[PDB]
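K.L.:
The following file, model_29.pdb, comprises PDB, C-alpha atoms (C1' of nucleotides):
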MODEL        1
ATOM      1  CA  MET A   1       0.000   0.000   0.000
ATOM      2  CA  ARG A   2       2.262   2.836  -1.252
ATOM      3  CA  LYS A   3      -0.064   5.618  -0.030
ATOM      4  CA  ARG A   4      -1.110   6.101   3.645
ATOM      5  CA  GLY A   5      -0.510   2.452   4.527
ATOM      6  CA  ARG A   6      -2.676   3.263   7.580
ATOM      7  CA  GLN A   7      -5.754   3.753   5.452
ATOM      8  CA  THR A   8      -5.558   4.008   1.662
ATOM      9  CA  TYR A   9      -8.828   5.761   0.713
ATOM     10  CA  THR A  10      -9.476   4.239  -2.752
ATOM     11  CA  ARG A  11     -11.071   6.041  -5.744
ATOM     12  CA  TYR A  12     -14.483   4.282  -5.484
ATOM     13  CA  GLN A  13     -14.914   5.605  -1.942
ATOM     14  CA  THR A  14     -13.625   9.042  -3.072
ATOM     15  CA  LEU A  15     -16.122   9.007  -6.025
ATOM     16  CA  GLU A  16     -19.486   9.042  -4.280
ATOM     17  CA  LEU A  17     -18.071  10.808  -1.220
ATOM     18  CA  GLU A  18     -17.142  13.760  -3.485
ATOM     19  CA  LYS A  19     -20.670  13.737  -4.889
ATOM     20  CA  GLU A  20     -22.167  13.734  -1.363
ATOM     21  CA  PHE A  21     -19.735  16.503  -0.336
ATOM     22  CA  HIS A  22     -20.864  18.597  -3.330
ATOM     23  CA  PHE A  23     -24.489  18.344  -2.148
ATOM     24  CA  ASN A  24     -23.874  18.407   1.614
ATOM     25  CA  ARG A  25     -20.625  18.963   3.536
ATOM     26  CA  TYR A  26     -22.734  18.914   6.710
ATOM     27  CA  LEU A  27     -24.413  15.577   7.407
ATOM     28  CA  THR A  28     -26.999  15.505  10.175
ATOM     29  CA  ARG A  29     -25.070  13.380  12.685
ATOM     30  CA  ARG A  30     -26.178   9.754  12.220
ATOM     31  CA  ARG A  31     -26.286  10.003   8.406
ATOM     32  CA  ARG A  32     -22.466   9.692   8.836
ATOM     33  CA  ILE A  33     -23.066   6.143  10.190
ATOM     34  CA  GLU A  34     -25.200   5.217   7.151
ATOM     35  CA  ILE A  35     -22.292   6.258   4.851
ATOM     36  CA  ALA A  36     -19.813   4.441   7.129
ATOM     37  CA  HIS A  37     -21.565   1.104   6.560
ATOM     38  CA  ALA A  38     -22.371   1.778   2.860
ATOM     39  CA  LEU A  39     -18.606   2.179   2.143
ATOM     40  CA  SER A  40     -17.147  -0.018   4.958
ATOM     41  CA  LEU A  41     -15.234   2.693   6.851
ATOM     42  CA  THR A  42     -15.562   3.867  10.515
ATOM     43  CA  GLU A  43     -17.787   6.829  11.623
ATOM     44  CA  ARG A  44     -14.545   8.665  12.484
ATOM     45  CA  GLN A  45     -13.294   8.443   8.909
ATOM     46  CA  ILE A  46     -16.574   9.794   7.448
ATOM     47  CA  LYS A  47     -16.115  12.865   9.658
ATOM     48  CA  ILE A  48     -12.433  13.144   8.811
ATOM     49  CA  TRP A  49     -12.492  12.776   5.017
ATOM     50  CA  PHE A  50     -15.174  15.495   4.881
ATOM     51  CA  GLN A  51     -13.537  17.688   7.591
ATOM     52  CA  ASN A  52     -10.186  17.487   5.783
ATOM     53  CA  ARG A  53     -11.813  18.313   2.435
ATOM     54  CA  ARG A  54     -13.796  21.255   3.996
ATOM     55  CA  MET A  55     -10.723  22.742   5.709
ATOM     56  CA  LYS A  56      -8.791  23.148   2.453
ATOM     57  CA  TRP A  57     -11.926  23.728   0.303
ATOM     58  CA  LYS A  58     -12.609  26.918   2.308
ATOM     59  CA  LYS A  59      -9.220  28.429   1.326
ATOM     60  CA  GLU A  60      -9.622  27.217  -2.279
ATOM     61  CA  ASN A  61     -13.239  27.668  -3.413
ATOM     62  CA  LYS A  62     -13.363  31.337  -4.472
ATOM     63  CA  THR A  63     -13.534  32.885  -0.997
ATOM     64  CA  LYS A  64     -12.945  36.588  -1.536
ATOM     65  CA  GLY A  65     -14.413  38.874   1.182
ATOM     66  CA  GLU A  66     -12.862  36.453   3.731
ATOM     67  CA  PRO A  67     -11.099  38.726   6.322
ATOM     68  CA  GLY A  68      -7.592  39.454   4.968
TER      69      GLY A  68
ATOM     70  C1'  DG B   1     -25.196  13.369  27.922
ATOM     71  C1'  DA B   2     -21.184  11.913  23.606
ATOM     72  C1'  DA B   3     -21.738  13.229  19.284
ATOM     73  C1'  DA B   4     -20.669  16.281  14.767
ATOM     74  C1'  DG B   5     -19.629  20.835  13.814
ATOM     75  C1'  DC B   6     -15.432  24.547  13.669
ATOM     76  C1'  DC B   7     -10.087  25.056  12.871
ATOM     77  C1'  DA B   8      -5.020  25.210  13.364
ATOM     78  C1'  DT B   9      -2.346  22.561  14.850
ATOM     79  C1'  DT B  10      -0.499  17.812  15.897
ATOM     80  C1'  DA B  11       1.071  13.088  14.379
ATOM     81  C1'  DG B  12       1.708  10.720  10.044
ATOM     82  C1'  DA B  13       2.788   8.809   5.750
ATOM     83  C1'  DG B  14       4.780   9.949   1.165
TER      84       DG B  14
ATOM     85  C1'  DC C   1       9.969  19.083   3.635
ATOM     86  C1'  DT C   2       4.847  18.486   1.596
ATOM     87  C1'  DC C   3      -0.230  17.323   1.654
ATOM     88  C1'  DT C   4      -3.344  14.473   4.666
ATOM     89  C1'  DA C   5      -5.306  12.053   8.236
ATOM     90  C1'  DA C   6      -6.574  12.556  12.823
ATOM     91  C1'  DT C   7      -6.581  14.941  17.970
ATOM     92  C1'  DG C   8      -8.578  18.429  21.682
ATOM     93  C1'  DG C   9     -12.095  22.315  24.057
ATOM     94  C1'  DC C  10     -16.027  25.035  23.171
ATOM     95  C1'  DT C  11     -20.838  25.034  21.444
ATOM     96  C1'  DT C  12     -25.355  23.166  20.316
ATOM     97  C1'  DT C  13     -27.980  19.003  20.510
ATOM     98  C1'  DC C  14     -32.274  15.802  20.418
TER      99       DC C  14
ENDMDL
END
Can the structure from this file be put into structure tokens for me?
P.N.:
Amino acid sequence: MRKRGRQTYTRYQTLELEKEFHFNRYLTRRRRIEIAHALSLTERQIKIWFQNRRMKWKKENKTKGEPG
DNA sequence: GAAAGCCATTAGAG
DNA sequence: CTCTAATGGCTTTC
């Protein structure tokens, strides 16, 4: 596993997860669980992948006005 | 009441 | 050294 041996997040997971993210960064809490089973990850990881994406996405996704 | 939500930082692999 | 994956306190929460 030459990429985050820990946890390689594979394409297929990253496919639909992107599509979800596009619609809804925020999940009402226990929707996260429903994803977690659907893709065979842990609740944790369905926070994290999205959190991680959000964090950067804020800087990236045409955020003028943003103090600074 | 423990959970996502916020975020830079903090391990963590490349 | 670079981008990612994951940690905590504060806040609401159903």
K.L.:
Which residues of chain A sit at most 9 Å from chain B, using only C-alpha atoms (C1' of nucleotides)? Give each one's shortest atom pair and distance in Å (one decimal place), in chain and ascending residue order, as a tab-separated table.
P.N.:
residue	atom	partner	partner_atom	distance
A:2	CA	B:14	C1'	7.9
A:3	CA	B:14	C1'	6.6
A:4	CA	B:13	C1'	5.2
A:5	CA	B:13	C1'	7.3
A:6	CA	B:13	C1'	8.0
A:26	CA	B:5	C1'	8.0
A:27	CA	B:4	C1'	8.3
A:28	CA	B:4	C1'	7.9
A:29	CA	B:4	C1'	5.7
A:30	CA	B:4	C1'	8.9
A:47	CA	B:4	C1'	7.6
A:55	CA	B:7	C1'	7.6
K.L.:
Can you tell me which residues surround residue A:57 at a distance of at most 12 Å, considering all atoms listed in the file, apart from same-chain residues fewer than 5 positions away, and format the answer as a ChimeraX atom specification?
P.N.:
/A:18,21-22,25,49-52,62-63
K.L.:
Just so the selection is clear, what residues does the PyMOL selection byres ((chain C) within 9 of (chain A)) cover here, as a PyMOL selection string?
P.N.:
chain C and resi 4-6
K.L.:
Give me a file of those residues, with C-alpha atoms (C1' of nucleotides), as a JSON list (two decimals), keeping the file's coordinate frame.
P.N.:
[["chain", "number", "residue", "atom", "x", "y", "z"],
["C", 4, "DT", "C1'", -3.34, 14.47, 4.67],
["C", 5, "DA", "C1'", -5.31, 12.05, 8.24],
["C", 6, "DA", "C1'", -6.57, 12.56, 12.82]]
K.L.:
What is the distance between atom CA of residue A:34 and atom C1' of residue C:7, in Å to one decimal?
P.N.:
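Interatomic distance here is 23.6 Å.
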K.L.:
How many Å lie between atom CA of residue A:67 and atom CA of residue A:54, rounded to one decimal?
P.N.:
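Taking atom CA of residue A:67 and atom CA of residue A:54, their separation equals 17.8 Å.
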K.L.:
Rounded to one decimal, what separation in Å do you get between atom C1' of residue C:2 and atom CA of residue A:58?
P.N.:
19.4 Å
K.L.:
So that I can see what lies close to residue A:46, please list as a VMD selection string the residues with an atom at most 9 Å from it, counting only C-alpha atoms (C1' of nucleotides) and leaving out residues fewer than 4 positions away in the same chain.
P.N.:
chain A and resid 17 32 to 33 35 to 36 41 to 42 50 to 51
K.L.:
The centre and edge lengths of an axis-aligned box containing all atoms of chain B present in the file, extended by 3 Å on each side, are to be given in Å to one decimal, as lines of an AutoDock Vina configuration file.
P.N.:
center_x = -10.2
center_y = 17.0
center_z = 14.5
size_x = 36.0
size_y = 22.4
size_z = 32.8
K.L.:
Since the input is missing atoms, can you rebuild N, CA and C atoms for stretch 17-53 of chain A and write them as a short mmCIF file (atom, residue, chain, number, x, y, z; two decimals), in the coordinates of the input?
P.N.:
data_model
loop_
_atom_site.label_atom_id
_atom_site.label_comp_id
_atom_site.auth_asym_id
_atom_site.auth_seq_id
_atom_site.Cartn_x
_atom_site.Cartn_y
_atom_site.Cartn_z
N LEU A 17 -18.33 9.89 -2.31
CA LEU A 17 -18.07 10.81 -1.22
C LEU A 17 -17.90 12.24 -1.75
N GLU A 18 -17.22 12.44 -2.88
CA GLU A 18 -17.14 13.76 -3.48
C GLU A 18 -18.53 14.28 -3.82
N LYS A 19 -19.33 13.41 -4.42
CA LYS A 19 -20.67 13.74 -4.89
C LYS A 19 -21.56 14.14 -3.70
N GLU A 20 -21.55 13.35 -2.62
CA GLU A 20 -22.17 13.73 -1.36
C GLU A 20 -21.66 15.11 -0.94
N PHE A 21 -20.35 15.26 -0.78
CA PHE A 21 -19.74 16.50 -0.34
C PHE A 21 -20.26 17.70 -1.13
N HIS A 22 -20.33 17.57 -2.46
CA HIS A 22 -20.86 18.60 -3.33
C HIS A 22 -22.25 19.04 -2.85
N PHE A 23 -23.13 18.07 -2.59
CA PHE A 23 -24.49 18.34 -2.15
C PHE A 23 -24.53 18.90 -0.72
N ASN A 24 -23.76 18.28 0.17
CA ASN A 24 -23.87 18.41 1.61
C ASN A 24 -22.55 18.07 2.31
N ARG A 25 -21.79 19.10 2.67
CA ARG A 25 -20.62 18.96 3.54
C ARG A 25 -21.10 18.47 4.90
N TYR A 26 -22.04 19.23 5.47
CA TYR A 26 -22.73 18.91 6.71
C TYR A 26 -23.59 17.68 6.47
N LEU A 27 -23.43 16.64 7.29
CA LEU A 27 -24.41 15.58 7.41
C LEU A 27 -25.08 15.79 8.76
N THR A 28 -26.40 15.71 8.86
CA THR A 28 -27.00 15.50 10.18
C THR A 28 -26.39 14.22 10.75
N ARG A 29 -26.02 14.27 12.03
CA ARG A 29 -25.07 13.38 12.68
C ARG A 29 -25.08 11.95 12.14
N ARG A 30 -26.13 11.19 12.44
CA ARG A 30 -26.18 9.75 12.22
C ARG A 30 -26.37 9.37 10.75
N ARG A 31 -26.46 10.32 9.82
CA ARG A 31 -26.29 10.00 8.41
C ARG A 31 -24.84 9.52 8.20
N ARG A 32 -23.87 10.09 8.94
CA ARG A 32 -22.47 9.69 8.84
C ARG A 32 -22.33 8.16 8.98
N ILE A 33 -23.05 7.58 9.94
CA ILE A 33 -23.07 6.14 10.19
C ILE A 33 -23.52 5.40 8.93
N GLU A 34 -24.61 5.87 8.32
CA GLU A 34 -25.20 5.22 7.15
C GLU A 34 -24.15 5.16 6.01
N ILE A 35 -23.43 6.26 5.78
CA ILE A 35 -22.29 6.26 4.85
C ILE A 35 -21.28 5.19 5.29
N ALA A 36 -20.89 5.26 6.56
CA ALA A 36 -19.81 4.44 7.13
C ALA A 36 -20.01 2.96 6.82
N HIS A 37 -21.24 2.46 6.96
CA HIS A 37 -21.56 1.10 6.56
C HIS A 37 -21.57 0.97 5.04
N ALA A 38 -22.27 1.85 4.32
CA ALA A 38 -22.37 1.78 2.86
C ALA A 38 -21.01 1.60 2.17
N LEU A 39 -19.96 2.23 2.70
CA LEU A 39 -18.61 2.18 2.14
C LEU A 39 -17.62 1.31 2.94
N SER A 40 -17.99 0.83 4.12
CA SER A 40 -17.15 -0.02 4.96
C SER A 40 -15.92 0.72 5.48
N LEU A 41 -16.18 1.86 6.13
CA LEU A 41 -15.23 2.69 6.85
C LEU A 41 -15.72 2.77 8.30
N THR A 42 -15.12 3.60 9.15
CA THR A 42 -15.56 3.87 10.52
C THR A 42 -16.17 5.28 10.57
N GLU A 43 -17.12 5.53 11.48
CA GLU A 43 -17.79 6.83 11.62
C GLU A 43 -16.76 7.96 11.58
N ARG A 44 -15.72 7.81 12.41
CA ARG A 44 -14.54 8.66 12.48
C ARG A 44 -14.17 9.14 11.09
N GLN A 45 -13.86 8.19 10.22
CA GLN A 45 -13.29 8.44 8.91
C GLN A 45 -14.28 9.23 8.03
N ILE A 46 -15.59 9.03 8.20
CA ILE A 46 -16.57 9.79 7.45
C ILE A 46 -16.68 11.23 7.99
N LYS A 47 -16.35 11.49 9.26
CA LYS A 47 -16.11 12.86 9.66
C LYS A 47 -14.89 13.35 8.90
N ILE A 48 -13.77 12.67 9.13
CA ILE A 48 -12.43 13.14 8.81
C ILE A 48 -12.29 13.46 7.34
N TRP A 49 -12.61 12.54 6.45
CA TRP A 49 -12.49 12.78 5.02
C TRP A 49 -13.17 14.10 4.64
N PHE A 50 -14.39 14.30 5.16
CA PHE A 50 -15.17 15.50 4.88
C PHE A 50 -14.54 16.71 5.55
N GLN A 51 -14.16 16.61 6.83
CA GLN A 51 -13.54 17.69 7.59
C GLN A 51 -12.31 18.18 6.82
N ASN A 52 -11.39 17.26 6.56
CA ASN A 52 -10.19 17.49 5.78
C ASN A 52 -10.47 18.20 4.47
N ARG A 53 -11.39 17.65 3.66
CA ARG A 53 -11.81 18.31 2.44
C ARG A 53 -12.28 19.75 2.72
#
